[PDB]
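Values below: every heavy atom of this structure, side chains too, minus hydrogens, waters and symmetry copies. Residue numbering restarts at 1 for every chain, and letters A, B, ... go by the order of the sequence lines.
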Amino acid sequence: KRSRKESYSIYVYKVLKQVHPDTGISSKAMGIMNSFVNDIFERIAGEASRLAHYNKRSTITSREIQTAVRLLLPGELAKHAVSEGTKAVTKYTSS
Amino acid sequence: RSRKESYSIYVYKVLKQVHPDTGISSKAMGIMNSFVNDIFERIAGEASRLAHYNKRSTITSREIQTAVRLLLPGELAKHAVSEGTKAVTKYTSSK
Amino acid sequence: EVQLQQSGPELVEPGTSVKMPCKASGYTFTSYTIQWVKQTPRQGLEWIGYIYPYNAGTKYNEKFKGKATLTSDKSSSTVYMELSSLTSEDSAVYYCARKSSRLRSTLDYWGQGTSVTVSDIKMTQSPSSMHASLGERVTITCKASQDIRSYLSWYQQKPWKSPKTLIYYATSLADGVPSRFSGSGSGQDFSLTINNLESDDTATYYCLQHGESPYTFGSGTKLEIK
Amino acid sequence: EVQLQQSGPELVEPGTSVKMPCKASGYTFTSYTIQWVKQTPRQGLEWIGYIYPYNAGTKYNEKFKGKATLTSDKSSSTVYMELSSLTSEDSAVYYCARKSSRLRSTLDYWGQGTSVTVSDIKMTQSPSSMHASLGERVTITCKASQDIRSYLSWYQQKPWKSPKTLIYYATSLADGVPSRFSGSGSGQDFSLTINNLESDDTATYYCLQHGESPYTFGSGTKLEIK
Amino acid sequence: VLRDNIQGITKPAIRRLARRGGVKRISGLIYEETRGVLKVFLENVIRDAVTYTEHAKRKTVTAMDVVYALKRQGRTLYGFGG
Amino acid sequence: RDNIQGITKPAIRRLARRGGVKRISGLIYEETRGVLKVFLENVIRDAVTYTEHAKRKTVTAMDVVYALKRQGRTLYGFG
Amino acid sequence: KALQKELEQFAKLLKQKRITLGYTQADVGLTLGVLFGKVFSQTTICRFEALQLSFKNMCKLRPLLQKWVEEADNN
Amino acid sequence: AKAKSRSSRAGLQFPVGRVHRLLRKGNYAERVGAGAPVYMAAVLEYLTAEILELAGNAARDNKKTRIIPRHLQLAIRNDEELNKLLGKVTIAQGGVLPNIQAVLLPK
Amino acid sequence: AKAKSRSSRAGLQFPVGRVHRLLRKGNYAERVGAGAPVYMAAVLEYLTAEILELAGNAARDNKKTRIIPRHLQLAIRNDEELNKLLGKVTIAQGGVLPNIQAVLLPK
Amino acid sequence: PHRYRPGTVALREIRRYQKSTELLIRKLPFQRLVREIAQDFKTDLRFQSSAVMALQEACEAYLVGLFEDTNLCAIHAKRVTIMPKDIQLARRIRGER
Amino acid sequence: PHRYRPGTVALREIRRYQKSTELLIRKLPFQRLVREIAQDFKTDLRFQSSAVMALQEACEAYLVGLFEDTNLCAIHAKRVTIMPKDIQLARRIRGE
DNA sequence: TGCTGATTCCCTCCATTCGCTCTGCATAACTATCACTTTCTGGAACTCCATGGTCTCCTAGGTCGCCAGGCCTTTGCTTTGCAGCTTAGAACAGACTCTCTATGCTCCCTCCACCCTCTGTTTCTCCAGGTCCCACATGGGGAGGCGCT
DNA sequence: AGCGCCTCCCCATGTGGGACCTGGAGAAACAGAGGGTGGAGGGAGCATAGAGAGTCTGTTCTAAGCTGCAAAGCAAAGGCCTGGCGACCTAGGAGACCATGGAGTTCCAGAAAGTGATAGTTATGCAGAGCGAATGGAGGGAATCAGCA
């Protein structure tokens, strides 16, 4: 009757089977991946929250997430992450 | 113009309470305002994380006491905990 | 902003070794790999190797191991190439190209090309050469041998000039490239589309994969205007 | 946990110099000053000075300036006290006490004290010596000559023992002290109240101010029960 | 009641930790210094973890409290939750 | 635009004297200029990012303070 | 335990004979292939001559050098 | 009424709905626009794809077909950017990069 | 009933109401438990009083009536706990501590 | 018999322990040390196995990284033997002191 | 004439510049450096005076702390002269 | 310059276990839909402030010359840390017991958010002197080249 | 070769002269306090089971102690080279001042976009089974180190 824990171990495996079809993963490496996704989520979300608070805004938009990615991630990493976020938002607001 | 608030009168009241001959400059008042805002942000962020870890949706004086025990070093934390407990006891005992 | 300085043409007698520098300026030198390719009239562009100055990590082509060695000098921000035992088929234009350590990124900026004169995924490009007018649409096909997950790049090369990056990640535009050029395709089938041409589109176009360990360039398509 | 180890008694010939160790344990040594108090049966307790091991910062009393020298050694966590040119009025017990750099904090933990034998603001305590029953109320006054911002502490000392800290900041109880003791007052008027008596409370009670640069102890009250 | 357990961090263990750190030669006074440094780091992390445990009204120190303590001291640890 | 030579030799000498340095080698100054350039680029890039997020064309002291902060180099006295 | 001492003594006199004959251990490993079709390396001969291999390995490598000693005595 | 979760509408595998819920419940802002979880899920998916592909390559040049935390540490510490992002981060059971200083080698 | 404030109820100088408003609107939690601003204001007032008292003592030893940021820097850096609290903090126009290493002195 | 020169075994130990991933301190003495240290903060505490495990990976990673910084300090002083002054200098520059 | 031996005026300068709090770089070259560095990120952008002042205070504090660590490295290498290798070692241990 | 001998580490094979991956079931949370509100584009004036240019005066910097003292190299001594061996002891893995405490469920109930009024606290603006920095004079102190010993 | 009395430069203290910055008083105004409601979030008991001490045992692997010695560290001399110190001439910074035009901001409309409530259906977590990847064992060979020639 104990409650259920939730993680990213299902989606991380899907991304792994996209980028490497014949490659498994251990449970410890999945724990590292879950901790990584959680850490980057808290970093970007806190950064974007600070960006919205500095500008006296009450909402987090994709512009705040883009600026937080630009501030947090180093150069080419931030460039490709901005590319991916822009492409996903463009694809989402078309259906 | 636009009425920006600070801690200058509060820090000046504290200064005239602990040193009733000693003035302060504008630059030192800016340092004191930055110090109060920085420590406020640190304690409030630690208390927010403490409330989020234990599945709590409120920040009470227990979260603030634990945060003060976390950020501040030893005797500093002990005297700050004594001051906070004394103030909360006086506030409860007097409406 | 980003410059890849190189040396002049080196006339070299067979038997000895030759040195080529790739003095780099305008960016953080340790964060980007420097890759070396060579170009001949006989077989076109082919990738020789690269050197990562962050850990001085080398990786060479299988046919260039021993023939070419790569070193880096972090203080002078330079990358040095040694070619030893220059045979008769070594007169070539040698290019160094910046490329980020990200897998999506490609050889975005190139060196001028040192002319050295001596006294695997197969790339299939269907059009070897084509002619076009001043306003029509051109399509260039780059069907590949194996599967590359969108890790294809399109380059434009003027005669006696360094190649210019047009398309990275098989669809994305490079920096400064106008929207006339459009990459498309994925997997094994890729294509480059020129929407309306100018007088500056008379050039040789190449497609390069970097999904596998040996990077292979295209056969090259010559585009001549009017 | 926290203890301050001191050496044995010294029988010193006059005109020489004597070293005093204050080996410390149980706490971070650099974060707390070490104070030195001299105790004679004729002048009572006298504050000499303190050493801060964080920056090796010294501060001495004016009547002990030059006569006393404080040093610190962070490798062995030891505090050394030098007395030079021993006058015949040096037969006294020397205590070293821990005190944090916070202004509210007091001389909380004391050493056993070394007995050396040669071969401002004034605290007024109204009862010199008083008699109390097994369940009476004891009130001790510590009227100050000047104003202090509640920076007064109350100490209890058994015969041939180190003083025990009862009250700090004139109202707050020390660690391990029962709630029978209660400090009150501020400014220039202070008081210590013993609620109900035990046989343990046969002791001498002192009040120390540390609101100004020379720290001054009180005269002390002798309290004996039945 | 345990006492004198910093000596259980033996000299070969410190030598192995130096070999993983790339150290060729090790002086004889390195081991006591390493025991003191490891002790100070352990009391800092354990003190923060025990504070996180006592806030949760628990008598059991969990791995998540250790992870929050490490994150608090700027030494974020992956692979043990969070 | 050059202007890294405006951080002159006696300015770096004064900054080393404040740091407690008694003797200075001749190759210290170019290394210090490169270090200062790297640090200034890292702070100014984040400050310009904070400025561009606010749709502003002026870098304020608040943007510099936020940029500094994000690098763990909190500066007091500018708001 | 007597078999270990016998193997040690036998390896002792094959080492003495090999030093007397001037043949190297690699020569023995090369000539094992000629004698039996079983070529052994320098390391195997060194391990046998040092007497620290497995007992089963020792017994397996024994009869080959029993025949090799007779081969090198006259042939 | 139907299908089409927000991840499939954005062409992603990371959950847009769960990221929106975590942004709402994470006490970051009063409101959350409905492009922020899409951008955020895309950035997380790109970073996961990059680290997982580099770790898969590190496992492939190890005659292995399963990613252990050693492969993740080898992927992260061999990159300038990645190391910079995760520079103050300890990976459990990851070890260190194999390197010896050049003055320690004998000559 | 004359509207007395919460700081005078708690016997403080720092504002309980403004700290409550900043805690409410600062996106820290869904609720604020109304004894938390009293504790927060008391801790901020204690830290301000300690720093200001040490800075005023430094100004008095420097024979100055007014406090400048040099006095705040001398107060902070001479205390181990205050320097531990503000280790990664730069005080503008504060200078550094006077500290010459012992080897650099003559003889 | 046969003996290796000093620094030869010490280099193969560097090459061996830098390619391995597991813990270098024994589990039970570290667990006893953790319980001894934690008993000075709260009596009758009870850790989980994963808490002690996480503490061990954190402490070993910190000690290994400090040993690389110590080795750099030793090489800067034209030495190959690390000394306590190198540990003190590395902790001084890192901000741990 | 009169001439101080080397290291005397250096120690006097150490005492003088550790006693004071004023900035050690001239304001105009630092302003020009800040503007040219910001030119690579923005083509035409203005600067508050306080922004350049905060940048100068932060840069001078960073350089003074790095010179402190550099002097510690030089003393650990049994020297009194700081070299670029001391700066590189200090920035390596700091993580820069 | 070897090179032959001895260790040591990487390559295969082969059972052998452990764990990862796939599948089935329940349940919770994500989505479609509608009504509501409320944040923020979007013009737009409007003041303001950062840039650009002028001007003057010092003064800090750049250059050069001389010298000393500090850093680097070499050589010799010594001492201490390493490689190796032998012995024993304690870590480890498994196998139990045994309590105990963390977690979930239910009741309910105190308290916190919310809203509406209102008033008194705070902030902005403007005078008034007190703090202090500069200029100059005086004196002590520390550094450093020359005389008598 | 060794200290010390003159010389000299620099720092620390006292005494005015003002110029700047801080302290204090008056008027908006807005935000904190007061009071009444209603819905929760979060307390108290109550139970169960997962789980973390606690103990025994057999082992064997690792730590501890000793020894021979070699090479690394440290001290001392010597040299040279490279920074420090002082002089001087000049260019550039500092401070003040004016114009300006482009930018940051407040004002009001309203329209797009986010929230809130509900149903339920789909995605996902948890439990169970079965091969496959991965350890270990055993040789076997390639690579490398060290001492003899």
Side-chain angles (χ1 to χ4, degrees), chain A residues 3-6 10 24-27 57-59, chain B residues 2-5 9 23-26 56-58, chain E residues 10-12 25-28 58-60, chain F residues 8-10 23-26 56-58, chain G residues 24-26 40-44 46 49-50 54 57, chain H residues 1-6 15 17-18 20-21 31-34 64-66, chain I residues 1 3-6 15 17-18 20-21 30-34 64-66, chain J residues 1-10 12 26-29 46-49 79-81, chain K residues 1-10 12 26-29 46-49 79-81:
Chain A
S3 92
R4 67 182 214 172
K5 205 37 158 47
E6 67 164 38
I10 186 167
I25 185 161
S26 73
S27 67
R57 273 181 59 123
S58 90
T59 167
Chain B
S2 167
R3 294 183 181 277
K4 31 206 168 50
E5 52 188 35
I9 56 170
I24 202 166
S25 67
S26 178
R56 294 250 177 279
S57 78
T58 188
Chain E
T10 63
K11 147 183 207 153
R25 291 177 64 84
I26 302 154
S27 150
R58 280 187 277 102
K59 297 166 179 229
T60 282
Chain F
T8 60
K9 258 182 40 65
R23 223 160 162 274
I24 318 188
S25 150
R56 271 188 284 105
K57 288 133 218 93
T58 302
Chain G
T24 58
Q25 306 188 253
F40 281 114
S41 59
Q42 190 32 49
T43 292
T44 292
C46 183
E49 289 198 330
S54 94
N57 200 358
Chain H
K2 179 62 173 171
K4 302 278 334 173
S5 64
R6 271 194 288 182
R18 155 174 311 193
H20 197 297
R21 181 204 93 226
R31 302 159 88 84
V32 171
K64 307 262 174 313
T65 310
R66 191 184 283 168
Chain I
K4 77 167 324 203
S5 64
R6 284 198 275 177
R18 177 183 296 186
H20 198 302
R21 185 244 300 157
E30 193 224 320
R31 303 145 91 79
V32 175
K64 298 241 162 302
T65 286
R66 203 170 287 148
Chain J
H2 169 273
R3 273 192 48 117
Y4 274 117
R5 291 291 77 92
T8 283
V9 179
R12 99 155 58 100
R26 290 312 109 196
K27 310 287 201 23
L28 191 59
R46 287 153 41 128
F47 298 69
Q48 313 182 328
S49 67
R79 281 187 278 108
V80 296
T81 291
Chain K
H2 181 271
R3 185 182 295 276
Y4 287 107
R5 281 143 43 117
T8 294
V9 192
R12 233 158 60 204
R26 305 263 84 186
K27 304 183 168 0
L28 214 59
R46 318 152 81 78
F47 267 91
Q48 274 193 357
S49 36
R79 285 186 272 99
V80 305
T81 316

Which one, [options], comes nearest to the side chain of [X]?
{"X": "F:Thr8", "options": "M:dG41, L:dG62, M:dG73", "result": "L:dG62"}
{"X": "H:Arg66", "options": "L:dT4, M:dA134, L:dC124", "result": "M:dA134"}
{"X": "A:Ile10", "options": "M:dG125, L:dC20, M:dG52", "result": "M:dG125"}

So, for [X] and [Y], which heavy atoms are closest and what is the spacing to 0.1 Å?
{"X": "K:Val9", "Y": "K:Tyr4", "result": "CG2-CB, 3.7 Å"}
{"X": "H:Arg6", "Y": "H:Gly17", "result": "NH2-CA, 3.4 Å"}
{"X": "H:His20", "Y": "H:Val32", "result": "NE2-O, 3.9 Å"}

Below 4.0 angstrom from OP1 or OP2 of [N], is there any side-chain N or O of [X]?
{"X": "I:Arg6", "N": "M:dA33", "value": "yes"}
{"X": "A:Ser58", "N": "L:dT38", "value": "no"}
{"X": "G:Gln42", "N": "M:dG141", "value": "no"}
{"X": "A:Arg4", "N": "L:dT27", "value": "no"}

Who pairs with [N] - Watson-Crick or G-U, where each distance is under 3.5 Å:
{"N": "M:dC5", "answer": "none"}
{"N": "L:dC100", "answer": "M:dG50"}
{"N": "M:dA109", "answer": "L:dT41"}
{"N": "L:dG145", "answer": "none"}

Assert: residue with more 5' nearest nucleotide on DNA chain M, out of B:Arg56 and H:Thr65, is B:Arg56
Which residue, B:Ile24 or H:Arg18, contacts DNA chain M at a nucleotide closer to its 5' end, judged by nearest heavy atom?
B:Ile24
With north for a positive and south for a negative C1'-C2'-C3'-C4' torsion, L:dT122 lands south
Between atom [atom1] in [X] and atom [atom2] in [N], what is the gap in whole Å?
{"X": "H:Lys64", "N": "M:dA134", "atom1": "NZ", "atom2": "P", "result": "7 Å"}
{"X": "K:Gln48", "N": "M:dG102", "atom1": "CD", "atom2": "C1'", "result": "15 Å"}
{"X": "B:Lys4", "N": "M:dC30", "atom1": "NZ", "atom2": "P", "result": "15 Å"}

Starting at OG of J:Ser49, measure out to NZ of J:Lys27 and round the result to the nearest 0.5 Å.
10.5 Å
Taking only the P atom of each, what is the distance from M:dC10 to M:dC88 in whole angstrom?
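Each nucleotide's P atom is 16 Å from the other's.
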Protein heavy-atom contacts under 4.0 Å, written 5' to 3' over nucleotides 78-85 of chain L as B (base), S (sugar-phosphate only) or - (none), form the string ---SSBS-
I:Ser5: what forms a side-chain contact (heavy atoms from CB on, under 4.5 Å) with it, not counting sequence neighbours?
I:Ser7, I:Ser8
Test of understanding: with side-chain contact (heavy atoms from CB on, under 4.5 Å), list the residues that count as partners of A:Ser27, not counting sequence neighbours.
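If we apply the side-chain contact (heavy atoms from CB on, under 4.5 Å) test to A:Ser27, skipping adjacent residues, there are no hits.
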Identify all pairs in which a protein N or O lies below 3.5 Å from an N or O of nucleotides 99-102 of chain L, and state each distance.
from: L:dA102; atom 1: OP1; to: E:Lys59; atom 2: N; distance (Å): 3.4
from: L:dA102; atom 1: OP1; to: E:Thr60; atom 2: N; distance (Å): 3.1
from: L:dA102; atom 1: OP1; to: E:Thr60; atom 2: OG1; distance (Å): 3.0
from: L:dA102; atom 1: OP2; to: E:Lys59; atom 2: N; distance (Å): 3.0

Under 3.5 Å, N/O pairs linking protein and nucleotides 91-98 of chain L:
from: L:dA91; atom 1: OP2; to: J:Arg32; atom 2: NH1; distance (Å): 2.5
from: L:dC92; atom 1: OP1; to: J:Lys27; atom 2: N; distance (Å): 3.0
from: L:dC92; atom 1: OP2; to: J:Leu28; atom 2: N; distance (Å): 3.0

Donor-acceptor side-chain pairing of E:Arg25 and J:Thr81 below 3.5 angstrom:
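J:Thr81 and E:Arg25 do have a side-chain donor-acceptor pair below 3.5 Å.
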What are the atom names and distances for every N/O pair under 3.5 Å that joins the protein to nucleotides 109-112 of chain L?
from: L:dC112; atom 1: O4'; to: I:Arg31; atom 2: NH2; distance (Å): 3.4

Expected output: side-chain G:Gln25 to main-chain G:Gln42 donor-acceptor under 3.5 Å
no
